[PDB]
file work.csv (CSV, N, CA and C atoms and all ligand atoms)
chain,number,residue,atom,x,y,z
E,1,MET,N,-23.0,-1.6,-13.1
E,1,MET,CA,-22.0,-1.0,-13.9
E,1,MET,C,-20.9,-0.4,-12.9
E,2,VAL,N,-21.1,0.6,-12.1
E,2,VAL,CA,-20.1,1.2,-11.3
E,2,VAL,C,-20.0,0.6,-9.9
E,3,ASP,N,-20.9,-0.3,-9.5
E,3,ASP,CA,-21.1,-0.6,-8.1
E,3,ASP,C,-19.9,-1.2,-7.4
E,4,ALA,N,-19.1,-2.0,-8.1
E,4,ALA,CA,-18.0,-2.6,-7.4
E,4,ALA,C,-16.9,-1.5,-7.0
E,5,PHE,N,-16.9,-0.3,-7.6
E,5,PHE,CA,-16.1,0.8,-7.2
E,5,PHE,C,-16.5,1.5,-5.9
E,6,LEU,N,-17.8,1.3,-5.5
E,6,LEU,CA,-18.3,2.1,-4.4
E,6,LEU,C,-17.7,1.7,-3.1
E,7,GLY,N,-17.5,2.7,-2.2
E,7,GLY,CA,-17.0,2.4,-0.9
E,7,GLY,C,-15.9,3.3,-0.5
E,8,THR,N,-15.2,2.9,0.6
E,8,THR,CA,-14.1,3.7,1.1
E,8,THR,C,-12.8,2.9,0.9
E,9,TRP,N,-11.8,3.6,0.4
E,9,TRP,CA,-10.6,3.0,-0.1
E,9,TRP,C,-9.4,3.7,0.5
E,10,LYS,N,-8.3,3.0,0.8
E,10,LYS,CA,-7.2,3.6,1.4
E,10,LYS,C,-6.0,3.4,0.6
E,11,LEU,N,-5.1,4.4,0.4
E,11,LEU,CA,-3.9,4.2,-0.4
E,11,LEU,C,-2.9,3.2,0.3
E,12,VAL,N,-2.4,2.2,-0.4
E,12,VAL,CA,-1.5,1.2,0.1
E,12,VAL,C,-0.3,1.0,-0.8
E,13,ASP,N,-0.1,1.7,-1.9
E,13,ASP,CA,1.1,1.6,-2.7
E,13,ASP,C,1.0,2.8,-3.7
E,14,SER,N,2.2,3.4,-4.0
E,14,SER,CA,2.3,4.4,-5.0
E,14,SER,C,3.6,4.4,-5.8
E,15,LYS,N,3.4,4.4,-7.1
E,15,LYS,CA,4.6,4.4,-8.0
E,15,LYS,C,4.5,5.6,-8.9
E,16,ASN,N,5.6,6.3,-9.0
E,16,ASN,CA,5.8,7.4,-9.9
E,16,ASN,C,4.8,8.6,-9.7
E,17,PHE,N,4.3,8.8,-8.5
E,17,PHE,CA,3.4,9.9,-8.3
E,17,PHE,C,4.2,11.2,-8.3
E,18,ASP,N,5.5,11.3,-7.9
E,18,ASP,CA,6.3,12.5,-8.0
E,18,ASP,C,6.4,12.8,-9.5
E,19,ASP,N,6.7,11.9,-10.4
E,19,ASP,CA,6.9,12.2,-11.8
E,19,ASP,C,5.6,12.8,-12.3
E,20,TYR,N,4.4,12.2,-11.9
E,20,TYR,CA,3.1,12.7,-12.4
E,20,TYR,C,2.9,14.2,-11.9
E,21,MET,N,3.1,14.4,-10.6
E,21,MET,CA,2.9,15.7,-10.1
E,21,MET,C,3.9,16.7,-10.8
E,22,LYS,N,5.1,16.3,-11.0
E,22,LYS,CA,6.1,17.3,-11.6
E,22,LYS,C,5.7,17.6,-13.0
E,23,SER,N,5.1,16.6,-13.7
E,23,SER,CA,4.7,16.8,-15.1
E,23,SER,C,3.6,17.9,-15.1
E,24,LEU,N,2.7,17.9,-14.1
E,24,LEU,CA,1.6,18.8,-14.0
E,24,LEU,C,2.1,20.2,-13.5
E,25,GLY,N,3.4,20.3,-13.1
E,25,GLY,CA,3.9,21.6,-12.6
E,25,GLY,C,3.7,21.8,-11.1
E,26,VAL,N,3.4,20.8,-10.3
E,26,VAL,CA,3.3,20.9,-8.9
E,26,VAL,C,4.6,21.2,-8.3
E,27,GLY,N,4.6,22.2,-7.4
E,27,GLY,CA,5.9,22.6,-6.8
E,27,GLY,C,6.5,21.6,-5.8
E,28,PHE,N,7.8,21.8,-5.6
E,28,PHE,CA,8.5,20.8,-4.9
E,28,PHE,C,8.0,20.5,-3.5
E,29,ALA,N,7.6,21.6,-2.8
E,29,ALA,CA,7.2,21.4,-1.4
E,29,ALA,C,5.9,20.7,-1.3
E,30,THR,N,4.9,20.9,-2.2
E,30,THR,CA,3.7,20.2,-2.3
E,30,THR,C,4.0,18.7,-2.7
E,31,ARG,N,4.9,18.5,-3.6
E,31,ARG,CA,5.2,17.1,-4.0
E,31,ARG,C,5.8,16.4,-2.7
E,32,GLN,N,6.6,17.0,-2.0
E,32,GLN,CA,7.3,16.4,-0.8
E,32,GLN,C,6.2,15.9,0.1
E,33,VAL,N,5.2,16.8,0.5
E,33,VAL,CA,4.2,16.4,1.4
E,33,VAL,C,3.3,15.3,0.8
E,34,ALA,N,2.9,15.5,-0.4
E,34,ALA,CA,2.1,14.5,-1.1
E,34,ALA,C,2.7,13.2,-1.2
E,35,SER,N,4.0,13.1,-1.3
E,35,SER,CA,4.7,11.8,-1.4
E,35,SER,C,4.6,11.0,-0.1
E,36,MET,N,4.3,11.6,1.0
E,36,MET,CA,4.1,11.0,2.3
E,36,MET,C,2.7,10.9,2.8
E,37,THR,N,1.7,11.3,2.0
E,37,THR,CA,0.3,11.3,2.4
E,37,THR,C,-0.3,10.1,1.8
E,38,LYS,N,-1.3,9.5,2.6
E,38,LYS,CA,-2.0,8.3,2.2
E,38,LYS,C,-3.5,8.7,2.2
E,39,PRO,N,-4.1,9.1,1.1
E,39,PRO,CA,-5.5,9.6,1.1
E,39,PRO,C,-6.4,8.4,1.3
E,40,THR,N,-7.6,8.8,1.7
E,40,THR,CA,-8.8,7.9,1.6
E,40,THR,C,-9.7,8.4,0.5
E,41,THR,N,-10.1,7.5,-0.4
E,41,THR,CA,-11.0,7.9,-1.4
E,41,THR,C,-12.4,7.2,-1.1
E,42,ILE,N,-13.4,8.0,-1.2
E,42,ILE,CA,-14.8,7.5,-0.9
E,42,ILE,C,-15.6,7.8,-2.2
E,43,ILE,N,-16.2,6.7,-2.7
E,43,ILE,CA,-17.0,6.8,-3.9
E,43,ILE,C,-18.4,6.3,-3.6
E,44,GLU,N,-19.4,7.2,-3.8
E,44,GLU,CA,-20.7,7.0,-3.5
E,44,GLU,C,-21.6,7.3,-4.7
E,45,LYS,N,-22.8,6.7,-4.7
E,45,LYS,CA,-23.8,7.0,-5.8
E,45,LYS,C,-25.1,7.2,-5.1
E,46,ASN,N,-25.8,8.1,-5.8
E,46,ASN,CA,-27.3,8.4,-5.5
E,46,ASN,C,-27.9,8.5,-6.9
E,47,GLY,N,-28.6,7.4,-7.2
E,47,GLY,CA,-29.1,7.4,-8.6
E,47,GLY,C,-28.0,7.4,-9.6
E,48,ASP,N,-28.0,8.3,-10.6
E,48,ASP,CA,-26.9,8.1,-11.5
E,48,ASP,C,-25.8,9.3,-11.2
E,49,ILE,N,-26.0,9.9,-10.0
E,49,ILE,CA,-24.9,10.9,-9.6
E,49,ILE,C,-23.9,10.2,-8.7
E,50,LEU,N,-22.7,10.3,-9.1
E,50,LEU,CA,-21.5,9.8,-8.3
E,50,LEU,C,-20.9,11.0,-7.6
E,51,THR,N,-20.4,10.7,-6.4
E,51,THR,CA,-19.6,11.6,-5.6
E,51,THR,C,-18.3,10.9,-5.2
E,52,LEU,N,-17.2,11.6,-5.5
E,52,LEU,CA,-15.9,11.0,-5.3
E,52,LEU,C,-15.2,12.0,-4.4
E,53,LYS,N,-14.9,11.6,-3.1
E,53,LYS,CA,-14.2,12.4,-2.1
E,53,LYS,C,-12.8,11.8,-2.0
E,54,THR,N,-11.8,12.7,-1.9
E,54,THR,CA,-10.4,12.4,-1.6
E,54,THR,C,-10.0,13.1,-0.3
E,55,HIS,N,-9.7,12.4,0.7
E,55,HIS,CA,-9.5,13.0,2.0
E,55,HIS,C,-8.1,12.7,2.5
E,56,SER,N,-7.4,13.7,3.1
E,56,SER,CA,-6.1,13.4,3.6
E,56,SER,C,-5.7,14.5,4.6
E,57,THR,N,-4.6,14.3,5.2
E,57,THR,CA,-4.0,15.3,6.1
E,57,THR,C,-3.5,16.5,5.4
E,58,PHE,N,-3.4,16.5,4.1
E,58,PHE,CA,-2.9,17.6,3.3
E,58,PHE,C,-3.9,18.3,2.6
E,59,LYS,N,-4.4,17.7,1.5
E,59,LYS,CA,-5.5,18.3,0.7
E,59,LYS,C,-6.7,17.4,0.8
E,60,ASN,N,-7.9,18.0,0.6
E,60,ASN,CA,-9.2,17.3,0.4
E,60,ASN,C,-9.8,17.8,-0.8
E,61,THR,N,-10.5,16.9,-1.6
E,61,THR,CA,-11.3,17.3,-2.7
E,61,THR,C,-12.6,16.5,-2.6
E,62,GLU,N,-13.6,17.1,-3.5
E,62,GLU,CA,-14.8,16.3,-3.7
E,62,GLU,C,-15.4,16.8,-5.0
E,63,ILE,N,-15.8,15.8,-5.8
E,63,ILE,CA,-16.5,16.1,-7.1
E,63,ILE,C,-17.8,15.2,-7.1
E,64,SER,N,-18.8,15.8,-7.8
E,64,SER,CA,-20.0,15.1,-8.1
E,64,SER,C,-20.2,15.2,-9.6
E,65,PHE,N,-20.7,14.1,-10.2
E,65,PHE,CA,-20.9,14.1,-11.6
E,65,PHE,C,-21.8,13.0,-12.0
E,66,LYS,N,-22.4,13.1,-13.2
E,66,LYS,CA,-23.1,12.1,-13.9
E,66,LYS,C,-22.2,11.4,-14.9
E,67,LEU,N,-22.1,10.0,-15.0
E,67,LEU,CA,-21.3,9.4,-16.0
E,67,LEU,C,-21.7,9.9,-17.4
E,68,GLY,N,-20.6,10.3,-18.1
E,68,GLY,CA,-20.8,10.7,-19.5
E,68,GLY,C,-21.3,12.1,-19.7
E,69,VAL,N,-21.3,12.9,-18.6
E,69,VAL,CA,-21.7,14.3,-18.7
E,69,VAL,C,-20.6,15.2,-18.3
E,70,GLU,N,-20.1,16.1,-19.1
E,70,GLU,CA,-19.0,17.0,-18.7
E,70,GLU,C,-19.3,17.8,-17.5
E,71,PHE,N,-18.3,18.1,-16.7
E,71,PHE,CA,-18.4,18.9,-15.5
E,71,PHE,C,-17.2,19.8,-15.3
E,72,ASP,N,-17.3,20.9,-14.7
E,72,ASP,CA,-16.2,21.7,-14.3
E,72,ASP,C,-15.6,21.2,-13.0
E,73,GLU,N,-14.3,21.2,-12.9
E,73,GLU,CA,-13.6,20.7,-11.7
E,73,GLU,C,-12.4,21.6,-11.5
E,74,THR,N,-12.1,21.8,-10.2
E,74,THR,CA,-10.9,22.5,-9.7
E,74,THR,C,-10.1,21.4,-8.9
E,75,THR,N,-8.9,21.0,-9.5
E,75,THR,CA,-8.2,19.9,-8.9
E,75,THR,C,-7.5,20.3,-7.6
E,76,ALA,N,-6.9,19.2,-7.0
E,76,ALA,CA,-6.2,19.4,-5.7
E,76,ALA,C,-5.0,20.4,-5.8
E,77,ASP,N,-4.4,20.4,-7.0
E,77,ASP,CA,-3.3,21.3,-7.4
E,77,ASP,C,-3.8,22.5,-8.1
E,78,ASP,N,-5.1,22.8,-8.0
E,78,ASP,CA,-5.6,24.1,-8.4
E,78,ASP,C,-5.7,24.3,-9.9
E,79,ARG,N,-5.7,23.3,-10.7
E,79,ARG,CA,-6.1,23.4,-12.1
E,79,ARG,C,-7.6,23.5,-12.3
E,80,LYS,N,-8.0,24.4,-13.1
E,80,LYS,CA,-9.5,24.5,-13.5
E,80,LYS,C,-9.6,23.8,-14.8
E,81,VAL,N,-10.3,22.7,-14.8
E,81,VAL,CA,-10.4,21.8,-15.9
E,81,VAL,C,-11.8,21.4,-16.3
E,82,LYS,N,-12.0,20.9,-17.5
E,82,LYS,CA,-13.2,20.4,-18.0
E,82,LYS,C,-13.1,18.9,-17.9
E,83,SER,N,-14.0,18.2,-17.2
E,83,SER,CA,-13.9,16.8,-16.9
E,83,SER,C,-15.0,16.0,-17.4
E,84,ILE,N,-14.8,14.7,-17.6
E,84,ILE,CA,-15.8,13.7,-17.9
E,84,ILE,C,-15.4,12.4,-17.3
E,85,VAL,N,-16.3,11.6,-16.8
E,85,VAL,CA,-16.0,10.3,-16.2
E,85,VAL,C,-16.9,9.4,-16.9
E,86,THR,N,-16.4,8.3,-17.4
E,86,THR,CA,-17.1,7.3,-18.1
E,86,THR,C,-16.7,5.9,-17.6
E,87,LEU,N,-17.4,4.9,-18.1
E,87,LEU,CA,-17.1,3.5,-17.8
E,87,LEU,C,-16.7,2.9,-19.1
E,88,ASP,N,-15.4,2.4,-19.2
E,88,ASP,CA,-14.8,2.0,-20.5
E,88,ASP,C,-14.1,0.6,-20.2
E,89,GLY,N,-14.5,-0.4,-20.7
E,89,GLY,CA,-13.9,-1.7,-20.4
E,89,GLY,C,-14.0,-2.1,-19.0
E,90,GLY,N,-15.0,-1.7,-18.3
E,90,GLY,CA,-15.2,-1.9,-16.9
E,90,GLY,C,-14.3,-1.1,-16.0
E,91,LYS,N,-13.6,-0.1,-16.6
E,91,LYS,CA,-12.8,0.8,-15.8
E,91,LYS,C,-13.5,2.2,-15.7
E,92,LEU,N,-13.3,2.8,-14.6
E,92,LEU,CA,-13.8,4.2,-14.5
E,92,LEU,C,-12.8,5.1,-15.0
E,93,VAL,N,-13.0,5.8,-16.1
E,93,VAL,CA,-12.0,6.7,-16.8
E,93,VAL,C,-12.4,8.1,-16.6
E,94,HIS,N,-11.6,8.9,-16.0
E,94,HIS,CA,-11.8,10.3,-15.7
E,94,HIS,C,-10.8,11.1,-16.6
E,95,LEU,N,-11.3,11.9,-17.5
E,95,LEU,CA,-10.5,12.7,-18.4
E,95,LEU,C,-10.6,14.1,-18.0
E,96,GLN,N,-9.5,14.8,-17.8
E,96,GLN,CA,-9.5,16.3,-17.5
E,96,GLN,C,-8.8,17.0,-18.6
E,97,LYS,N,-9.4,18.1,-19.1
E,97,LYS,CA,-8.9,18.9,-20.2
E,97,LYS,C,-8.7,20.4,-19.7
E,98,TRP,N,-7.6,21.0,-20.0
E,98,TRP,CA,-7.4,22.4,-19.7
E,98,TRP,C,-6.2,23.0,-20.6
E,99,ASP,N,-6.4,24.1,-21.1
E,99,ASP,CA,-5.3,24.7,-21.9
E,99,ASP,C,-4.8,23.8,-23.0
E,100,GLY,N,-5.6,23.0,-23.6
E,100,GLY,CA,-5.2,22.1,-24.6
E,100,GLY,C,-4.5,20.8,-24.1
E,101,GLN,N,-4.2,20.8,-22.8
E,101,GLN,CA,-3.6,19.6,-22.1
E,101,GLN,C,-4.7,18.7,-21.7
E,102,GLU,N,-4.3,17.4,-21.5
E,102,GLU,CA,-5.1,16.4,-21.0
E,102,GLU,C,-4.4,15.6,-19.9
E,103,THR,N,-5.2,15.0,-19.0
E,103,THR,CA,-4.7,13.9,-18.1
E,103,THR,C,-5.8,13.0,-17.9
E,104,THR,N,-5.5,11.7,-17.8
E,104,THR,CA,-6.4,10.7,-17.5
E,104,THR,C,-6.1,10.0,-16.1
E,105,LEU,N,-7.2,9.7,-15.4
E,105,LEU,CA,-7.2,9.1,-14.1
E,105,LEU,C,-8.1,7.8,-14.3
E,106,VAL,N,-7.5,6.7,-14.4
E,106,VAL,CA,-8.2,5.4,-14.8
E,106,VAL,C,-8.2,4.5,-13.5
E,107,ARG,N,-9.4,4.1,-13.1
E,107,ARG,CA,-9.5,3.2,-12.0
E,107,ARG,C,-10.1,1.9,-12.5
E,108,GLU,N,-9.4,0.8,-12.0
E,108,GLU,CA,-9.8,-0.6,-12.3
E,108,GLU,C,-9.7,-1.4,-11.1
E,109,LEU,N,-10.4,-2.5,-11.1
E,109,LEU,CA,-10.4,-3.4,-10.0
E,109,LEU,C,-9.6,-4.6,-10.4
E,110,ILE,N,-8.6,-5.0,-9.6
E,110,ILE,CA,-7.8,-6.2,-9.8
E,110,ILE,C,-7.6,-6.9,-8.5
E,111,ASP,N,-8.1,-8.1,-8.4
E,111,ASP,CA,-8.1,-8.9,-7.2
E,111,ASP,C,-8.6,-8.2,-6.0
E,112,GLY,N,-9.7,-7.4,-6.2
E,112,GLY,CA,-10.3,-6.6,-5.2
E,112,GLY,C,-9.7,-5.3,-4.8
E,113,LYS,N,-8.5,-5.0,-5.4
E,113,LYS,CA,-7.9,-3.8,-5.1
E,113,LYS,C,-8.2,-2.8,-6.2
E,114,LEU,N,-8.2,-1.5,-5.9
E,114,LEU,CA,-8.6,-0.4,-6.8
E,114,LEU,C,-7.3,0.2,-7.3
E,115,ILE,N,-6.9,0.0,-8.6
E,115,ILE,CA,-5.7,0.5,-9.2
E,115,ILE,C,-6.0,1.8,-10.0
E,116,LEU,N,-5.4,2.8,-9.5
E,116,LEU,CA,-5.6,4.2,-10.2
E,116,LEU,C,-4.3,4.4,-11.0
E,117,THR,N,-4.5,4.6,-12.3
E,117,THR,CA,-3.4,4.9,-13.2
E,117,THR,C,-3.6,6.4,-13.7
E,118,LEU,N,-2.6,7.2,-13.4
E,118,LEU,CA,-2.6,8.6,-13.7
E,118,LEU,C,-1.6,8.8,-14.8
E,119,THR,N,-2.0,9.5,-15.9
E,119,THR,CA,-1.1,9.7,-17.1
E,119,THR,C,-1.2,11.2,-17.4
E,120,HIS,N,0.0,11.8,-17.5
E,120,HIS,CA,0.0,13.2,-18.1
E,120,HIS,C,1.4,13.3,-18.8
E,121,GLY,N,1.4,13.8,-20.0
E,121,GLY,CA,2.7,13.8,-20.7
E,121,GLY,C,3.1,12.4,-20.9
E,122,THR,N,4.4,12.1,-20.6
E,122,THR,CA,4.9,10.7,-20.6
E,122,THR,C,4.8,10.1,-19.3
E,123,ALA,N,4.4,10.8,-18.2
E,123,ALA,CA,4.4,10.3,-16.8
E,123,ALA,C,3.2,9.4,-16.6
E,124,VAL,N,3.5,8.2,-16.0
E,124,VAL,CA,2.5,7.2,-15.7
E,124,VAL,C,2.7,6.8,-14.3
E,125,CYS,N,1.7,7.1,-13.5
E,125,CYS,CA,1.7,6.8,-12.0
E,125,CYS,C,0.7,5.7,-11.8
E,126,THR,N,1.0,4.7,-10.9
E,126,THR,CA,0.1,3.7,-10.5
E,126,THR,C,-0.1,3.8,-9.0
E,127,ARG,N,-1.3,4.0,-8.5
E,127,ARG,CA,-1.6,4.0,-7.1
E,127,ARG,C,-2.6,2.9,-6.8
E,128,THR,N,-2.3,2.2,-5.7
E,128,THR,CA,-3.2,1.1,-5.3
E,128,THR,C,-3.9,1.4,-4.0
E,129,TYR,N,-5.2,1.2,-4.1
E,129,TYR,CA,-6.1,1.4,-2.9
E,129,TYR,C,-6.7,0.1,-2.5
E,130,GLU,N,-6.9,-0.1,-1.2
E,130,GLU,CA,-7.5,-1.3,-0.6
E,130,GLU,C,-8.8,-0.8,0.1
E,131,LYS,N,-9.8,-1.7,0.0
E,131,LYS,CA,-11.1,-1.4,0.5
E,131,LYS,C,-11.1,-1.4,2.0
E,132,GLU,N,-11.7,-0.4,2.6
E,132,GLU,CA,-12.0,-0.3,4.0
E,132,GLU,C,-13.5,-0.8,4.3
E,133,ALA,N,-13.7,-1.6,5.3
E,133,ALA,CA,-14.9,-2.2,5.8
E,133,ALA,C,-15.8,-1.2,6.2
E,201,LIG,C1,-3.3,14.1,-2.4
E,201,LIG,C2,-2.2,15.1,-2.5
E,201,LIG,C3,-1.9,15.6,-3.8
E,201,LIG,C4,-1.9,17.0,-4.0
E,201,LIG,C5,-1.2,17.5,-5.1
E,201,LIG,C6,-1.2,16.8,-6.4
E,201,LIG,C7,-2.6,16.6,-7.0
E,201,LIG,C8,-2.5,15.9,-8.4
E,201,LIG,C9,-3.8,15.6,-8.9
E,201,LIG,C10,-4.7,14.6,-8.1
E,201,LIG,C11,-4.0,13.3,-7.8
E,201,LIG,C12,-4.9,12.3,-7.1
E,201,LIG,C13,-4.2,11.1,-6.6
E,201,LIG,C14,-5.1,10.1,-5.8
E,201,LIG,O1,-6.4,10.2,-5.8
E,201,LIG,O2,-4.5,9.1,-5.2
call {"tool": "encode", "arguments": {"input": "work.csv", "output": "structure tokens"}}
result
Amino acid sequence: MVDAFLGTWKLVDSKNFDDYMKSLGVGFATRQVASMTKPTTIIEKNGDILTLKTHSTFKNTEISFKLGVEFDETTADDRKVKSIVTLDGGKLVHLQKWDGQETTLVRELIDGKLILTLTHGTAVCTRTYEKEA
């Protein structure tokens, strides 16, 4: 089920991330730095617990979760959210809820690349990651 997502991934393309960040209320200076950062995302499993690390020169995060079980999360931009990650149509779908707002972080594999689609409000960002050996 989740196995093809596992490993270490590097950002190689980003579209509309500033629009996504601005929709979330991220301040201009953080957006500026974020627009020039290329994170590494590491996805690992131990039994049915997944751990997703996002590492960069700017912010680092780490979450652990069971698919289909809600968890508390504090995002890179400091939102305290209620989250769930599931597998839907072969895509790893991460839904965050806070203050009646929602955002989705959808990951799918296309030609071996990991495409992350971020949606909040009307903003839709697509970020492409490529697998590291
Ligand atoms: C990684 C620097 C971004 C920091 C500030 C904006 C955070 C927005 C929410 C998380 C976005 C994750 C994007 C990704 O994993 O490529």
call {"tool": "residues_near_ligand", "arguments": {"input": "work.csv", "ligand": "ligand LIG 201 (chain E)", "cutoff": "8 Å", "atoms": "only C-alpha atoms and all ligand atoms", "output": "PyMOL selection string"}}
result
chain E and resi 11+17+20-21+24+26+30-31+33-35+37-39+41+54-56+58-60+75-77+116+118+127
call {"tool": "write_last_selection", "arguments": {"input": "work.csv", "atoms": "N, CA and C atoms", "output": "PDB file, in the frame of the given file"}}
result
ATOM      1  N   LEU E  11      -5.100   4.400   0.400  1.00  0.00           N
ATOM      2  CA  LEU E  11      -3.900   4.200  -0.400  1.00  0.00           C
ATOM      3  C   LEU E  11      -2.900   3.200   0.300  1.00  0.00           C
ATOM      4  N   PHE E  17       4.300   8.800  -8.500  1.00  0.00           N
ATOM      5  CA  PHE E  17       3.400   9.900  -8.300  1.00  0.00           C
ATOM      6  C   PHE E  17       4.200  11.200  -8.300  1.00  0.00           C
ATOM      7  N   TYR E  20       4.400  12.200 -11.900  1.00  0.00           N
ATOM      8  CA  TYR E  20       3.100  12.700 -12.400  1.00  0.00           C
ATOM      9  C   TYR E  20       2.900  14.200 -11.900  1.00  0.00           C
ATOM     10  N   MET E  21       3.100  14.400 -10.600  1.00  0.00           N
ATOM     11  CA  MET E  21       2.900  15.700 -10.100  1.00  0.00           C
ATOM     12  C   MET E  21       3.900  16.700 -10.800  1.00  0.00           C
ATOM     13  N   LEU E  24       2.700  17.900 -14.100  1.00  0.00           N
ATOM     14  CA  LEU E  24       1.600  18.800 -14.000  1.00  0.00           C
ATOM     15  C   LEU E  24       2.100  20.200 -13.500  1.00  0.00           C
ATOM     16  N   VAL E  26       3.400  20.800 -10.300  1.00  0.00           N
ATOM     17  CA  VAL E  26       3.300  20.900  -8.900  1.00  0.00           C
ATOM     18  C   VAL E  26       4.600  21.200  -8.300  1.00  0.00           C
ATOM     19  N   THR E  30       4.900  20.900  -2.200  1.00  0.00           N
ATOM     20  CA  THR E  30       3.700  20.200  -2.300  1.00  0.00           C
ATOM     21  C   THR E  30       4.000  18.700  -2.700  1.00  0.00           C
ATOM     22  N   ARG E  31       4.900  18.500  -3.600  1.00  0.00           N
ATOM     23  CA  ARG E  31       5.200  17.100  -4.000  1.00  0.00           C
ATOM     24  C   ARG E  31       5.800  16.400  -2.700  1.00  0.00           C
ATOM     25  N   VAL E  33       5.200  16.800   0.500  1.00  0.00           N
ATOM     26  CA  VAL E  33       4.200  16.400   1.400  1.00  0.00           C
ATOM     27  C   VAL E  33       3.300  15.300   0.800  1.00  0.00           C
ATOM     28  N   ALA E  34       2.900  15.500  -0.400  1.00  0.00           N
ATOM     29  CA  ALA E  34       2.100  14.500  -1.100  1.00  0.00           C
ATOM     30  C   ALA E  34       2.700  13.200  -1.200  1.00  0.00           C
ATOM     31  N   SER E  35       4.000  13.100  -1.300  1.00  0.00           N
ATOM     32  CA  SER E  35       4.700  11.800  -1.400  1.00  0.00           C
ATOM     33  C   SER E  35       4.600  11.000  -0.100  1.00  0.00           C
ATOM     34  N   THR E  37       1.700  11.300   2.000  1.00  0.00           N
ATOM     35  CA  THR E  37       0.300  11.300   2.400  1.00  0.00           C
ATOM     36  C   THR E  37      -0.300  10.100   1.800  1.00  0.00           C
ATOM     37  N   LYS E  38      -1.300   9.500   2.600  1.00  0.00           N
ATOM     38  CA  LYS E  38      -2.000   8.300   2.200  1.00  0.00           C
ATOM     39  C   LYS E  38      -3.500   8.700   2.200  1.00  0.00           C
ATOM     40  N   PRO E  39      -4.100   9.100   1.100  1.00  0.00           N
ATOM     41  CA  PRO E  39      -5.500   9.600   1.100  1.00  0.00           C
ATOM     42  C   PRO E  39      -6.400   8.400   1.300  1.00  0.00           C
ATOM     43  N   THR E  41     -10.100   7.500  -0.400  1.00  0.00           N
ATOM     44  CA  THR E  41     -11.000   7.900  -1.400  1.00  0.00           C
ATOM     45  C   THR E  41     -12.400   7.200  -1.100  1.00  0.00           C
ATOM     46  N   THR E  54     -11.800  12.700  -1.900  1.00  0.00           N
ATOM     47  CA  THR E  54     -10.400  12.400  -1.600  1.00  0.00           C
ATOM     48  C   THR E  54     -10.000  13.100  -0.300  1.00  0.00           C
ATOM     49  N   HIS E  55      -9.700  12.400   0.700  1.00  0.00           N
ATOM     50  CA  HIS E  55      -9.500  13.000   2.000  1.00  0.00           C
ATOM     51  C   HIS E  55      -8.100  12.700   2.500  1.00  0.00           C
ATOM     52  N   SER E  56      -7.400  13.700   3.100  1.00  0.00           N
ATOM     53  CA  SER E  56      -6.100  13.400   3.600  1.00  0.00           C
ATOM     54  C   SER E  56      -5.700  14.500   4.600  1.00  0.00           C
ATOM     55  N   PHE E  58      -3.400  16.500   4.100  1.00  0.00           N
ATOM     56  CA  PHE E  58      -2.900  17.600   3.300  1.00  0.00           C
ATOM     57  C   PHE E  58      -3.900  18.300   2.600  1.00  0.00           C
ATOM     58  N   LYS E  59      -4.400  17.700   1.500  1.00  0.00           N
ATOM     59  CA  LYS E  59      -5.500  18.300   0.700  1.00  0.00           C
ATOM     60  C   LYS E  59      -6.700  17.400   0.800  1.00  0.00           C
ATOM     61  N   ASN E  60      -7.900  18.000   0.600  1.00  0.00           N
ATOM     62  CA  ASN E  60      -9.200  17.300   0.400  1.00  0.00           C
ATOM     63  C   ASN E  60      -9.800  17.800  -0.800  1.00  0.00           C
ATOM     64  N   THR E  75      -8.900  21.000  -9.500  1.00  0.00           N
ATOM     65  CA  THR E  75      -8.200  19.900  -8.900  1.00  0.00           C
ATOM     66  C   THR E  75      -7.500  20.300  -7.600  1.00  0.00           C
ATOM     67  N   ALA E  76      -6.900  19.200  -7.000  1.00  0.00           N
ATOM     68  CA  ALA E  76      -6.200  19.400  -5.700  1.00  0.00           C
ATOM     69  C   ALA E  76      -5.000  20.400  -5.800  1.00  0.00           C
ATOM     70  N   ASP E  77      -4.400  20.400  -7.000  1.00  0.00           N
ATOM     71  CA  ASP E  77      -3.300  21.300  -7.400  1.00  0.00           C
ATOM     72  C   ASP E  77      -3.800  22.500  -8.100  1.00  0.00           C
ATOM     73  N   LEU E 116      -5.400   2.800  -9.500  1.00  0.00           N
ATOM     74  CA  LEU E 116      -5.600   4.200 -10.200  1.00  0.00           C
ATOM     75  C   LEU E 116      -4.300   4.400 -11.000  1.00  0.00           C
ATOM     76  N   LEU E 118      -2.600   7.200 -13.400  1.00  0.00           N
ATOM     77  CA  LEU E 118      -2.600   8.600 -13.700  1.00  0.00           C
ATOM     78  C   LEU E 118      -1.600   8.800 -14.800  1.00  0.00           C
ATOM     79  N   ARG E 127      -1.300   4.000  -8.500  1.00  0.00           N
ATOM     80  CA  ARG E 127      -1.600   4.000  -7.100  1.00  0.00           C
ATOM     81  C   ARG E 127      -2.600   2.900  -6.800  1.00  0.00           C
TER      82      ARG E 127
END
call {"tool": "atom_distance", "arguments": {"input": "work.csv", "atom1": "CA of residue 64 (chain E)", "atom2": "atom N of residue 109 (chain E)"}}
result
20.3 Å
call {"tool": "residues_around", "arguments": {"input": "work.csv", "residues": "residue 83 (chain E)", "least_positions_apart": "3", "cutoff": "8 Å", "atoms": "only C-alpha atoms", "output": "PyMOL selection string"}}
result
chain E and resi 70-73+94-97
call {"tool": "select_by_dssp", "arguments": {"input": "work.csv", "residues": "chain E", "states": "strand (DSSP E or B)", "output": "JSON, numbers by chain"}}
result
{"E": [7, 8, 9, 10, 11, 12, 13, 14, 15, 40, 41, 42, 43, 44, 45, 46, 49, 50, 51, 52, 53, 54, 55, 61, 62, 63, 64, 65, 66, 71, 72, 73, 74, 80, 81, 82, 83, 84, 85, 86, 87, 88, 91, 92, 93, 94, 95, 96, 97, 98, 101, 102, 103, 104, 105, 106, 107, 108, 109, 110, 113, 114, 115, 116, 117, 118, 119, 120, 123, 124, 125, 126, 127, 128, 129, 130, 131, 132]}
call {"tool": "closest_residue", "arguments": {"input": "work.csv", "among": "E:36, E:125, E:49, E:114", "to": "residue 5 (chain E)", "atoms": "all atoms listed in the file"}}
result
E:114
call {"tool": "atom_distance", "arguments": {"input": "work.csv", "atom1": "CA of residue 16 (chain E)", "atom2": "atom C of residue 93 (chain E)"}}
result
19.4 Å
